[PDB]
Structure formats: structure tokens, C-alpha cells
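Working notes, structure below.
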Protein chains: 8
Amino acid sequence: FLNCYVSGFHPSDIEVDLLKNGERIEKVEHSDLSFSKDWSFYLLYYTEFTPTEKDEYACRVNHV
Amino acid sequence: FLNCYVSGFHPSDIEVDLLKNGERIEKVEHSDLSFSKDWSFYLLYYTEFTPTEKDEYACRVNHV
Amino acid sequence: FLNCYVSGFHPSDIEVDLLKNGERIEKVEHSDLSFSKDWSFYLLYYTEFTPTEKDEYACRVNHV
Amino acid sequence: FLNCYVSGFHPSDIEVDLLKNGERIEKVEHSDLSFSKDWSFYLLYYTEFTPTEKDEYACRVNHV
Amino acid sequence: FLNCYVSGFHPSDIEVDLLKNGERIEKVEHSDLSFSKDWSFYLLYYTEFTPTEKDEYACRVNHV
Amino acid sequence: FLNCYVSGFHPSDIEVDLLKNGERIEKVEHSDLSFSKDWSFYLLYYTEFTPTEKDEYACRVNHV
Amino acid sequence: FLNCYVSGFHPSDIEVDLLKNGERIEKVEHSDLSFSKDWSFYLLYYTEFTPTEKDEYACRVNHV
Amino acid sequence: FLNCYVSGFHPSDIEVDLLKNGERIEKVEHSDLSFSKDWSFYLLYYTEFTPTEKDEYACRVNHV
């Protein structure tokens, strides 16, 4: 068995995922492929954060 | 068995997912493919956050 | 068994993922491929953070 | 068994991941591939941080 | 006389006027006067301008 | 007389005026006066300008 | 007389005026006056300018 | 007379004026006056300028 188990929990996060699984090119001829001519990425532009308040875990296990 | 199990819970998050599973090109001839001519991405533009309030977990397991 | 287990939990983070799984090129002829003509990345531009408040874990295991 | 186990938890971090798994080129002829014509990366531009508040762990194990 | 006279014309401006003519206190006893307990002033908060287009004057005077 | 006269014209400006004419205190007893307990002034907070386009004057005077 | 006269014109400026005419205190007893308990002044906070475009004057006077 | 006269014109400036005309204290008893308990001044905080474009004057006077 197993008691008081956590698998990874995100409080208060922001996650960004992009081309996660690994792009593959095979057997192409006389081609130009580009992923981007113009790409823009901006995660925080002129920004203020304000706090993320307290994130708590309490476990008790007795007498197993 | 298993008692007081968590699998990963997100409080107060924002998740962004883009091209997660891994794009594949096979057997192309005399082509231009582009993912983007003009792409714009902006996650937070001129922004203020205000707090995310407390996110709590309480478990008790007794006598298993 | 196993008691009071944590697998890695992120409080208060931001995660950025890009081309995670390892792009592969095989068997191409007479091609120009580029990942980027113009790429822009900016994680924090002109930004202020404000705190992330306390992130707590309390476990007790007795009498196993 | 195992008691009061942690696997690595990130409080208050930012993680950036880019080309993690190791790109591979095999069997190409008469090609120019470039990863970047113009790439921009900027992690913190003109920025102020404000603190990350206290991140605590308390475990007690008795009588196993 | 006078020909082709201008007195000062504002194109495209914003003017702010506050306590212009000079406040005066005379003959007071046992008083607290304050102009402000809490005052807020913010001229441009998180703002973008866009241009003010061309502002032209043409005068001709002949044979006076 | 006078020909093709300008008195000072502001294009594209912002003017701020505050306590212009010179405040005067006379004959006070047993007083606290303050102009400000808390004052806030912010002229441009987190701001972008965009251009002010061309501001032209053309005068011609002939044969006076 | 006088021809093609300018008195000072501001293009593209910002002017700030504060306590211009010279404050005067006369004949006070047993007083605390302060101009400021807390004063805040910030002219440009985290700001970008963009150009002010060309500001032109052309005069011609002939045969006076 | 006088021809093609300029009095001083400011293009593209910012002017700041503070206590210009010369403050005067006369005949006070048993007083604390302060101009500032806390004063803040910040002219440019974390700022980028971008150019001010060309500012031109052309005069011609003939045959006076």
C-alpha cells in the first residue's frame, strides 16, 4: 500500500508549453520550411505582480 | 490499497499549451511550409495581478 | 509500502518549455530549413514582481 | 518501505527549458539549415524583483 | 497697426492647472489646516500614446 | 506697426502648473499647517509615448 | 516696427511648475508648518519615449 | 526696427521648476518649520529615451 501520497501539485503557477514532444523531419526534397518568419513571444510586458498567498498542506497519519 | 492520495492539483494557475505532441513532416517535395508568417504572442501586456488567496489541504488518516 | 510521500510540487513558479524532446532531421536534399527567421523571446520586460507568500508543508506520521 | 520522503520540490522558481533532448541531424545533402537567423532571448529586461516569502517543511516521524 | 499676428495657440496639448493664483493664510489661531491628508495624482498610468499629426500655419502678407 | 508676429505657441506639449503664484502665511499662532500629509505625484508611470508629427510654420512678408 | 518676430515657442515639450512665485512666511508663533510630511514626485517611472518629429520654421522677408 | 528676431524657443525639452522666486521667512518665534519631512524626487527612473527628430529654422531677409 501507500499512505498520505502526493504527486506534484502546482499552486499559483503559470506553465507555458511549446513544441514539447520533439518535431521530426524525414525525406524532404527541394524545400524551404521555416518554423517562423516573424515570431513574437513576450511573457510579461510592463507588468506588476501582486503576491500569491499561503499554500498549505497538513497531513497526519497515525497507527498503520 | 492506498489512502489519502493526491494526484497533482493546480490551484490559481494559468496553463498555456502549444504544439504539445510533436509535429512531424515526412516525404514532401518542392514545398515551402512555414508555421508562421507573422505570429504574435503576449502573455501579460501592461498588467497588474492581485493576490491568489490561501489554498489549503488537510488530511488525517487514523488506524488503518 | 511508503508513508508521507511527496513527489516534486511547484509552488509559485513559472515554467517555460520549448523544444523539449529533441528535434530530428533525416534524409533531406537541396533544402534550407530554419527554425527562425525572426524570433523574439522576452521573459520579463520592464517588470516588477511582488512577493510570493509562505508555502508550507506539515506531515506527522506516528506508530507504523 | 520508506517514510517522510521528498522528491525535489521547487518553491518560488522560474524554469526555462530549450532544446532539452538533443537534436540530431543525419544524412542530408546540399542544404543550409540554421536554427536561427535572428534569435532574441532576454530573461529579465529592466526589472525589479520583490521577495519570495518563507518556504517551510516540517516532518515528524515517531515509532516505526 | 499689426499684420499676421499670432498669440500663442496650443495644438495637441494637455494642460493641468492646480492652485494657480497663490493661496494665502492670514490671522489664524489654534488651528490645523492641511491641504491634503491623502492626495493622489497620476498623469499617465500604464499608458500608450499614439501620434499627433501635423499642425501647420501658413501666412502670406504682401504689399502693406 | 509689426508684421508676421508670433507669441509663443506650444505644439504637442503637456504643461503642469502647481502653486504658481506664491503662497503666503501671515500672523498665525499655535498652529500646525501642512500642505501635505500624504501627497502622490506621478507624471508618467509605466508609459510609452508614440511620436508627435511635424509642426510647421511658414511666413512670407513682401514689400512693406 | 518689427518684422518676422518670434517669442519663444515650445514644440514637443513637457513643462512642470511648482511653487513658482516664492512663498513667504511672516509673524508666526508656536507653530509647526511643514510643506510635506510625505511627498512623492516621479517624472518618468519605467518609461519609454518614442520620437518627436521635425519642428520647422520658415520665414522670408523681402523689400522692407 | 528689427527683422527676423527670435526669442529663445525650446524644442523637445522638459523643464522642471521648483521654488523659483526665493522663499522668505521673517519674524517667527518658537517654531519648527520644515520644507520636507519625506520628499521624493525622481526625474527618470528605469527609463529609455528614443530620439527627438530634427528641429529646423530657416530665415531669409533681403533688401531692407
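Scheme for the C-alpha cells: letters A, B, ... for chains in order shown; per-chain residue numbers from 1; ligand numbers from 1 in order shown.
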
Spatial neighbours of segment 31-43 of chain B, 10 Å, only C-alpha atoms, chain gap at least 6 places, as a PyMOL selection string | (chain A and resi 16+28-45) or (chain B and resi 16) or (chain C and resi 31-43)

Give me, as a PDB file with N, CA, C and O atoms, in the first residue's frame, all polymer residues having an atom no more than 10 Å from residue 47 of chain A, counting only C-alpha atoms and skipping those fewer than 6 positions away in the same chain.
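Writing done, so here's result-v7.pdb:
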ATOM      1  N   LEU B  44       1.279  38.522 -20.717  1.00  0.00           N
ATOM      2  CA  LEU B  44       0.675  39.617 -19.965  1.00  0.00           C
ATOM      3  C   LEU B  44       1.209  40.947 -20.472  1.00  0.00           C
ATOM      4  O   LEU B  44       2.409  41.211 -20.373  1.00  0.00           O
ATOM      5  N   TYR B  45       0.325  41.741 -21.057  1.00  0.00           N
ATOM      6  CA  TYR B  45       0.712  43.058 -21.622  1.00  0.00           C
ATOM      7  C   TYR B  45       0.177  44.167 -20.714  1.00  0.00           C
ATOM      8  O   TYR B  45      -1.051  44.250 -20.524  1.00  0.00           O
ATOM      9  N   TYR B  46       1.059  44.981 -20.160  1.00  0.00           N
ATOM     10  CA  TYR B  46       0.616  46.096 -19.287  1.00  0.00           C
ATOM     11  C   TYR B  46      -0.382  45.484 -18.312  1.00  0.00           C
ATOM     12  O   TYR B  46      -1.590  45.714 -18.493  1.00  0.00           O
ATOM     13  N   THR B  47       0.075  44.711 -17.338  1.00  0.00           N
ATOM     14  CA  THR B  47      -0.919  44.086 -16.485  1.00  0.00           C
ATOM     15  C   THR B  47      -0.530  44.193 -15.027  1.00  0.00           C
ATOM     16  O   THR B  47       0.649  44.233 -14.674  1.00  0.00           O
ATOM     17  N   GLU B  48      -1.551  44.264 -14.190  1.00  0.00           N
ATOM     18  CA  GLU B  48      -1.413  44.073 -12.761  1.00  0.00           C
ATOM     19  C   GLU B  48      -2.112  42.792 -12.326  1.00  0.00           C
ATOM     20  O   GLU B  48      -3.276  42.562 -12.664  1.00  0.00           O
ATOM     21  N   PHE B  49      -1.406  41.972 -11.562  1.00  0.00           N
ATOM     22  CA  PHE B  49      -2.050  40.926 -10.790  1.00  0.00           C
ATOM     23  C   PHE B  49      -2.488  41.490  -9.459  1.00  0.00           C
ATOM     24  O   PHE B  49      -2.140  42.612  -9.101  1.00  0.00           O
TER      25      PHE B  49
ATOM     26  N   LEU C  44      10.761  38.657 -18.871  1.00  0.00           N
ATOM     27  CA  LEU C  44      10.164  39.773 -18.145  1.00  0.00           C
ATOM     28  C   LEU C  44      10.706  41.087 -18.685  1.00  0.00           C
ATOM     29  O   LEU C  44      11.908  41.345 -18.593  1.00  0.00           O
ATOM     30  N   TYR C  45       9.827  41.873 -19.290  1.00  0.00           N
ATOM     31  CA  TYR C  45      10.223  43.175 -19.882  1.00  0.00           C
ATOM     32  C   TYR C  45       9.692  44.307 -19.002  1.00  0.00           C
ATOM     33  O   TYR C  45       8.466  44.398 -18.812  1.00  0.00           O
ATOM     34  N   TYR C  46      10.579  45.130 -18.470  1.00  0.00           N
ATOM     35  CA  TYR C  46      10.142  46.268 -17.626  1.00  0.00           C
ATOM     36  C   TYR C  46       9.140  45.687 -16.634  1.00  0.00           C
ATOM     37  O   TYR C  46       7.933  45.926 -16.815  1.00  0.00           O
ATOM     38  N   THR C  47       9.595  44.932 -15.644  1.00  0.00           N
ATOM     39  CA  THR C  47       8.596  44.334 -14.776  1.00  0.00           C
ATOM     40  C   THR C  47       8.985  44.475 -13.321  1.00  0.00           C
ATOM     41  O   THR C  47      10.164  44.516 -12.969  1.00  0.00           O
ATOM     42  N   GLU C  48       7.965  44.574 -12.486  1.00  0.00           N
ATOM     43  CA  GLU C  48       8.101  44.416 -11.052  1.00  0.00           C
ATOM     44  C   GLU C  48       7.394  43.150 -10.587  1.00  0.00           C
ATOM     45  O   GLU C  48       6.229  42.919 -10.920  1.00  0.00           O
ATOM     46  N   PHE C  49       8.094  42.345  -9.805  1.00  0.00           N
ATOM     47  CA  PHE C  49       7.443  41.322  -9.008  1.00  0.00           C
ATOM     48  C   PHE C  49       7.009  41.922  -7.691  1.00  0.00           C
ATOM     49  O   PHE C  49       7.364  43.049  -7.359  1.00  0.00           O
TER      50      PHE C  49
ATOM     51  N   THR D  47      14.357  45.088 -14.811  1.00  0.00           N
ATOM     52  CA  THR D  47      13.357  44.505 -13.935  1.00  0.00           C
ATOM     53  C   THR D  47      13.745  44.663 -12.483  1.00  0.00           C
ATOM     54  O   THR D  47      14.925  44.706 -12.130  1.00  0.00           O
TER      55      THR D  47
ATOM     56  N   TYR E  46       0.178  53.502 -16.825  1.00  0.00           N
ATOM     57  CA  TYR E  46       0.128  52.373 -17.785  1.00  0.00           C
ATOM     58  C   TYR E  46      -0.512  52.936 -19.050  1.00  0.00           C
ATOM     59  O   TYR E  46      -1.693  52.632 -19.291  1.00  0.00           O
TER      60      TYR E  46
ATOM     61  N   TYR F  46       4.936  53.756 -15.997  1.00  0.00           N
ATOM     62  CA  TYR F  46       4.882  52.616 -16.944  1.00  0.00           C
ATOM     63  C   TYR F  46       4.244  53.165 -18.216  1.00  0.00           C
ATOM     64  O   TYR F  46       3.063  52.859 -18.455  1.00  0.00           O
TER      65      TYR F  46
END

What are the coordinates of chain E as a PDB file with N, CA and C atoms, in the first residue's frame following a least-squares fit to chain B on all in-order C-alpha atoms?
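Output contents, as saved in out-v4.pdb:
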ATOM      1  N   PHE E   1      -3.787  -1.470  -1.394  1.00  0.00           N
ATOM      2  CA  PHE E   1      -4.621  -0.278  -1.381  1.00  0.00           C
ATOM      3  C   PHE E   1      -3.765   0.962  -1.365  1.00  0.00           C
ATOM      4  N   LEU E   2      -4.374   2.107  -1.058  1.00  0.00           N
ATOM      5  CA  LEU E   2      -3.702   3.389  -0.884  1.00  0.00           C
ATOM      6  C   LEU E   2      -4.674   4.371  -0.256  1.00  0.00           C
ATOM      7  N   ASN E   3      -4.190   5.158   0.697  1.00  0.00           N
ATOM      8  CA  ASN E   3      -5.044   6.079   1.423  1.00  0.00           C
ATOM      9  C   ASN E   3      -4.494   7.489   1.353  1.00  0.00           C
ATOM     10  N   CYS E   4      -5.421   8.443   1.320  1.00  0.00           N
ATOM     11  CA  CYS E   4      -5.174   9.882   1.244  1.00  0.00           C
ATOM     12  C   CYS E   4      -4.179  10.213   0.129  1.00  0.00           C
ATOM     13  N   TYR E   5      -4.628   9.940  -1.075  1.00  0.00           N
ATOM     14  CA  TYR E   5      -3.813  10.075  -2.262  1.00  0.00           C
ATOM     15  C   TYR E   5      -4.176  11.386  -2.918  1.00  0.00           C
ATOM     16  N   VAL E   6      -3.172  12.110  -3.382  1.00  0.00           N
ATOM     17  CA  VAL E   6      -3.383  13.246  -4.261  1.00  0.00           C
ATOM     18  C   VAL E   6      -2.643  12.973  -5.556  1.00  0.00           C
ATOM     19  N   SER E   7      -3.291  13.233  -6.674  1.00  0.00           N
ATOM     20  CA  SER E   7      -2.571  13.477  -7.906  1.00  0.00           C
ATOM     21  C   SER E   7      -2.667  14.967  -8.188  1.00  0.00           C
ATOM     22  N   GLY E   8      -1.651  15.495  -8.870  1.00  0.00           N
ATOM     23  CA  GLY E   8      -1.325  16.916  -8.878  1.00  0.00           C
ATOM     24  C   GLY E   8      -2.405  17.914  -9.239  1.00  0.00           C
ATOM     25  N   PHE E   9      -2.836  18.695  -8.255  1.00  0.00           N
ATOM     26  CA  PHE E   9      -3.931  19.631  -8.431  1.00  0.00           C
ATOM     27  C   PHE E   9      -3.371  21.037  -8.548  1.00  0.00           C
ATOM     28  N   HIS E  10      -3.824  21.774  -9.557  1.00  0.00           N
ATOM     29  CA  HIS E  10      -3.406  23.154  -9.724  1.00  0.00           C
ATOM     30  C   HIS E  10      -4.431  24.081  -9.097  1.00  0.00           C
ATOM     31  N   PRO E  11      -4.144  24.766  -7.991  1.00  0.00           N
ATOM     32  CA  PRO E  11      -4.877  25.997  -7.685  1.00  0.00           C
ATOM     33  C   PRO E  11      -4.263  27.209  -8.363  1.00  0.00           C
ATOM     34  N   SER E  12      -5.134  28.130  -8.782  1.00  0.00           N
ATOM     35  CA  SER E  12      -4.797  29.526  -9.071  1.00  0.00           C
ATOM     36  C   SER E  12      -3.822  29.689 -10.229  1.00  0.00           C
ATOM     37  N   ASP E  13      -3.749  28.718 -11.126  1.00  0.00           N
ATOM     38  CA  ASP E  13      -2.775  28.732 -12.202  1.00  0.00           C
ATOM     39  C   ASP E  13      -3.394  29.226 -13.497  1.00  0.00           C
ATOM     40  N   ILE E  14      -2.525  29.493 -14.461  1.00  0.00           N
ATOM     41  CA  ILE E  14      -2.901  29.576 -15.864  1.00  0.00           C
ATOM     42  C   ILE E  14      -1.924  28.711 -16.637  1.00  0.00           C
ATOM     43  N   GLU E  15      -2.448  27.801 -17.445  1.00  0.00           N
ATOM     44  CA  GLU E  15      -1.628  26.908 -18.241  1.00  0.00           C
ATOM     45  C   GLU E  15      -1.812  27.233 -19.714  1.00  0.00           C
ATOM     46  N   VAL E  16      -0.709  27.254 -20.451  1.00  0.00           N
ATOM     47  CA  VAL E  16      -0.728  27.506 -21.883  1.00  0.00           C
ATOM     48  C   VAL E  16      -0.064  26.329 -22.572  1.00  0.00           C
ATOM     49  N   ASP E  17      -0.740  25.764 -23.567  1.00  0.00           N
ATOM     50  CA  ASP E  17      -0.244  24.592 -24.268  1.00  0.00           C
ATOM     51  C   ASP E  17      -0.286  24.843 -25.762  1.00  0.00           C
ATOM     52  N   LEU E  18       0.814  24.521 -26.431  1.00  0.00           N
ATOM     53  CA  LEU E  18       1.023  24.883 -27.826  1.00  0.00           C
ATOM     54  C   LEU E  18       1.954  23.873 -28.462  1.00  0.00           C
ATOM     55  N   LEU E  19       1.442  23.160 -29.475  1.00  0.00           N
ATOM     56  CA  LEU E  19       2.189  22.145 -30.222  1.00  0.00           C
ATOM     57  C   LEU E  19       2.771  21.098 -29.280  1.00  0.00           C
ATOM     58  N   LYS E  20       1.896  20.531 -28.447  1.00  0.00           N
ATOM     59  CA  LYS E  20       2.355  19.689 -27.352  1.00  0.00           C
ATOM     60  C   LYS E  20       2.939  18.373 -27.847  1.00  0.00           C
ATOM     61  N   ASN E  21       2.308  17.738 -28.826  1.00  0.00           N
ATOM     62  CA  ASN E  21       2.660  16.360 -29.127  1.00  0.00           C
ATOM     63  C   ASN E  21       3.648  16.154 -30.267  1.00  0.00           C
ATOM     64  N   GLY E  22       4.245  17.192 -30.841  1.00  0.00           N
ATOM     65  CA  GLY E  22       5.428  16.887 -31.618  1.00  0.00           C
ATOM     66  C   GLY E  22       5.160  16.685 -33.090  1.00  0.00           C
ATOM     67  N   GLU E  23       5.207  17.785 -33.836  1.00  0.00           N
ATOM     68  CA  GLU E  23       4.736  17.769 -35.212  1.00  0.00           C
ATOM     69  C   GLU E  23       5.763  17.060 -36.084  1.00  0.00           C
ATOM     70  N   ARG E  24       5.268  16.418 -37.140  1.00  0.00           N
ATOM     71  CA  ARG E  24       6.080  15.537 -37.964  1.00  0.00           C
ATOM     72  C   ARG E  24       5.855  15.847 -39.432  1.00  0.00           C
ATOM     73  N   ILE E  25       6.947  15.936 -40.179  1.00  0.00           N
ATOM     74  CA  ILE E  25       6.904  16.114 -41.620  1.00  0.00           C
ATOM     75  C   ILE E  25       7.596  14.918 -42.256  1.00  0.00           C
ATOM     76  N   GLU E  26       6.933  14.277 -43.218  1.00  0.00           N
ATOM     77  CA  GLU E  26       7.533  13.186 -43.976  1.00  0.00           C
ATOM     78  C   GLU E  26       7.201  13.320 -45.456  1.00  0.00           C
ATOM     79  N   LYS E  27       8.203  13.050 -46.305  1.00  0.00           N
ATOM     80  CA  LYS E  27       8.051  12.865 -47.755  1.00  0.00           C
ATOM     81  C   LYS E  27       7.376  14.045 -48.446  1.00  0.00           C
ATOM     82  N   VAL E  28       8.025  15.209 -48.427  1.00  0.00           N
ATOM     83  CA  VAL E  28       7.480  16.353 -49.148  1.00  0.00           C
ATOM     84  C   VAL E  28       8.476  16.795 -50.213  1.00  0.00           C
ATOM     85  N   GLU E  29       7.965  17.342 -51.311  1.00  0.00           N
ATOM     86  CA  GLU E  29       8.806  17.795 -52.413  1.00  0.00           C
ATOM     87  C   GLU E  29       8.389  19.191 -52.852  1.00  0.00           C
ATOM     88  N   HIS E  30       9.393  20.036 -53.131  1.00  0.00           N
ATOM     89  CA  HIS E  30       9.246  21.346 -53.781  1.00  0.00           C
ATOM     90  C   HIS E  30       8.239  22.241 -53.070  1.00  0.00           C
ATOM     91  N   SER E  31       8.362  22.321 -51.757  1.00  0.00           N
ATOM     92  CA  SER E  31       7.362  22.963 -50.920  1.00  0.00           C
ATOM     93  C   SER E  31       8.041  24.013 -50.059  1.00  0.00           C
ATOM     94  N   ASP E  32       7.337  25.106 -49.793  1.00  0.00           N
ATOM     95  CA  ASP E  32       7.609  25.907 -48.606  1.00  0.00           C
ATOM     96  C   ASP E  32       6.410  25.814 -47.671  1.00  0.00           C
ATOM     97  N   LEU E  33       6.660  25.232 -46.514  1.00  0.00           N
ATOM     98  CA  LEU E  33       5.712  25.316 -45.422  1.00  0.00           C
ATOM     99  C   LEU E  33       6.352  26.158 -44.333  1.00  0.00           C
ATOM    100  N   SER E  34       5.585  27.059 -43.754  1.00  0.00           N
ATOM    101  CA  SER E  34       6.027  27.788 -42.582  1.00  0.00           C
ATOM    102  C   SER E  34       4.936  27.664 -41.536  1.00  0.00           C
ATOM    103  N   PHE E  35       5.337  27.583 -40.276  1.00  0.00           N
ATOM    104  CA  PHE E  35       4.359  27.628 -39.207  1.00  0.00           C
ATOM    105  C   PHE E  35       3.830  29.041 -39.032  1.00  0.00           C
ATOM    106  N   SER E  36       4.654  30.040 -39.316  1.00  0.00           N
ATOM    107  CA  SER E  36       4.214  31.401 -39.062  1.00  0.00           C
ATOM    108  C   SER E  36       4.819  32.344 -40.081  1.00  0.00           C
ATOM    109  N   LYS E  37       3.963  33.144 -40.712  1.00  0.00           N
ATOM    110  CA  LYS E  37       4.474  34.339 -41.359  1.00  0.00           C
ATOM    111  C   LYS E  37       4.605  35.469 -40.351  1.00  0.00           C
ATOM    112  N   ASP E  38       3.482  35.959 -39.830  1.00  0.00           N
ATOM    113  CA  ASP E  38       3.522  36.770 -38.623  1.00  0.00           C
ATOM    114  C   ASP E  38       2.768  36.052 -37.512  1.00  0.00           C
ATOM    115  N   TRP E  39       3.472  35.737 -36.432  1.00  0.00           N
ATOM    116  CA  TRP E  39       2.834  35.283 -35.206  1.00  0.00           C
ATOM    117  C   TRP E  39       3.038  36.325 -34.122  1.00  0.00           C
ATOM    118  N   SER E  40       1.988  36.564 -33.342  1.00  0.00           N
ATOM    119  CA  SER E  40       2.064  37.383 -32.140  1.00  0.00           C
ATOM    120  C   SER E  40       1.740  36.517 -30.935  1.00  0.00           C
ATOM    121  N   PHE E  41       2.593  36.549 -29.909  1.00  0.00           N
ATOM    122  CA  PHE E  41       2.242  36.001 -28.603  1.00  0.00           C
ATOM    123  C   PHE E  41       2.561  37.052 -27.556  1.00  0.00           C
ATOM    124  N   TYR E  42       1.630  37.261 -26.634  1.00  0.00           N
ATOM    125  CA  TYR E  42       1.803  38.204 -25.499  1.00  0.00           C
ATOM    126  C   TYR E  42       1.097  37.588 -24.288  1.00  0.00           C
ATOM    127  N   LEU E  43       1.815  37.168 -23.252  1.00  0.00           N
ATOM    128  CA  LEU E  43       1.112  36.530 -22.145  1.00  0.00           C
ATOM    129  C   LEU E  43       0.497  37.562 -21.204  1.00  0.00           C
ATOM    130  N   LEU E  44       1.279  38.522 -20.717  1.00  0.00           N
ATOM    131  CA  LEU E  44       0.675  39.617 -19.964  1.00  0.00           C
ATOM    132  C   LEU E  44       1.209  40.947 -20.472  1.00  0.00           C
ATOM    133  N   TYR E  45       0.325  41.741 -21.058  1.00  0.00           N
ATOM    134  CA  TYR E  45       0.712  43.058 -21.622  1.00  0.00           C
ATOM    135  C   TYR E  45       0.177  44.168 -20.714  1.00  0.00           C
ATOM    136  N   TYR E  46       1.059  44.981 -20.159  1.00  0.00           N
ATOM    137  CA  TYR E  46       0.617  46.096 -19.287  1.00  0.00           C
ATOM    138  C   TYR E  46      -0.382  45.484 -18.312  1.00  0.00           C
ATOM    139  N   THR E  47       0.074  44.711 -17.338  1.00  0.00           N
ATOM    140  CA  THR E  47      -0.918  44.085 -16.484  1.00  0.00           C
ATOM    141  C   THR E  47      -0.530  44.193 -15.027  1.00  0.00           C
ATOM    142  N   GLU E  48      -1.550  44.264 -14.190  1.00  0.00           N
ATOM    143  CA  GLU E  48      -1.414  44.074 -12.760  1.00  0.00           C
ATOM    144  C   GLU E  48      -2.112  42.792 -12.325  1.00  0.00           C
ATOM    145  N   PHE E  49      -1.406  41.972 -11.563  1.00  0.00           N
ATOM    146  CA  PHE E  49      -2.050  40.926 -10.791  1.00  0.00           C
ATOM    147  C   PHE E  49      -2.488  41.490  -9.459  1.00  0.00           C
ATOM    148  N   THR E  50      -3.419  40.795  -8.835  1.00  0.00           N
ATOM    149  CA  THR E  50      -3.813  40.947  -7.446  1.00  0.00           C
ATOM    150  C   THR E  50      -3.758  39.540  -6.860  1.00  0.00           C
ATOM    151  N   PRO E  51      -3.487  39.367  -5.507  1.00  0.00           N
ATOM    152  CA  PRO E  51      -3.227  38.029  -4.939  1.00  0.00           C
ATOM    153  C   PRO E  51      -4.178  36.888  -5.240  1.00  0.00           C
ATOM    154  N   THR E  52      -3.651  35.681  -5.118  1.00  0.00           N
ATOM    155  CA  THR E  52      -4.451  34.472  -5.033  1.00  0.00           C
ATOM    156  C   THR E  52      -4.415  34.019  -3.587  1.00  0.00           C
ATOM    157  N   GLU E  53      -5.583  33.893  -2.989  1.00  0.00           N
ATOM    158  CA  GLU E  53      -5.673  33.669  -1.564  1.00  0.00           C
ATOM    159  C   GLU E  53      -5.496  32.190  -1.263  1.00  0.00           C
ATOM    160  N   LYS E  54      -5.397  31.893   0.032  1.00  0.00           N
ATOM    161  CA  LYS E  54      -4.728  30.701   0.531  1.00  0.00           C
ATOM    162  C   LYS E  54      -5.405  29.419   0.068  1.00  0.00           C
ATOM    163  N   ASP E  55      -4.588  28.424  -0.242  1.00  0.00           N
ATOM    164  CA  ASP E  55      -5.047  27.187  -0.856  1.00  0.00           C
ATOM    165  C   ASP E  55      -4.601  26.058   0.052  1.00  0.00           C
ATOM    166  N   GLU E  56      -5.550  25.400   0.692  1.00  0.00           N
ATOM    167  CA  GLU E  56      -5.220  24.553   1.818  1.00  0.00           C
ATOM    168  C   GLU E  56      -5.651  23.125   1.562  1.00  0.00           C
ATOM    169  N   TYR E  57      -4.894  22.212   2.144  1.00  0.00           N
ATOM    170  CA  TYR E  57      -5.203  20.798   2.155  1.00  0.00           C
ATOM    171  C   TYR E  57      -5.056  20.342   3.592  1.00  0.00           C
ATOM    172  N   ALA E  58      -6.043  19.626   4.110  1.00  0.00           N
ATOM    173  CA  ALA E  58      -5.887  18.951   5.390  1.00  0.00           C
ATOM    174  C   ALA E  58      -6.354  17.516   5.242  1.00  0.00           C
ATOM    175  N   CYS E  59      -5.471  16.577   5.520  1.00  0.00           N
ATOM    176  CA  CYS E  59      -5.829  15.173   5.578  1.00  0.00           C
ATOM    177  C   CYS E  59      -5.512  14.626   6.955  1.00  0.00           C
ATOM    178  N   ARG E  60      -6.368  13.751   7.456  1.00  0.00           N
ATOM    179  CA  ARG E  60      -5.995  12.908   8.576  1.00  0.00           C
ATOM    180  C   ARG E  60      -6.405  11.486   8.255  1.00  0.00           C
ATOM    181  N   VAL E  61      -5.496  10.548   8.481  1.00  0.00           N
ATOM    182  CA  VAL E  61      -5.786   9.124   8.409  1.00  0.00           C
ATOM    183  C   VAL E  61      -5.429   8.521   9.755  1.00  0.00           C
ATOM    184  N   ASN E  62      -6.374   7.828  10.372  1.00  0.00           N
ATOM    185  CA  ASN E  62      -6.074   7.119  11.603  1.00  0.00           C
ATOM    186  C   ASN E  62      -6.502   5.668  11.495  1.00  0.00           C
ATOM    187  N   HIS E  63      -5.672   4.787  12.057  1.00  0.00           N
ATOM    188  CA  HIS E  63      -5.989   3.387  12.344  1.00  0.00           C
ATOM    189  C   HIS E  63      -6.365   2.605  11.080  1.00  0.00           C
ATOM    190  N   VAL E  64      -5.368   2.426  10.226  1.00  0.00           N
ATOM    191  CA  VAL E  64      -5.524   1.536   9.084  1.00  0.00           C
ATOM    192  C   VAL E  64      -4.630   0.311   9.245  1.00  0.00           C
TER     193      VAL E  64
END

Name the residues of chain E that come out as strand (DSSP E or B) in a backbone DSSP run; write them as an MDAnalysis selection string.
-> chainID E and resid 3:6 14:18 24:29 32:34 38:39 44:48 52 55:62
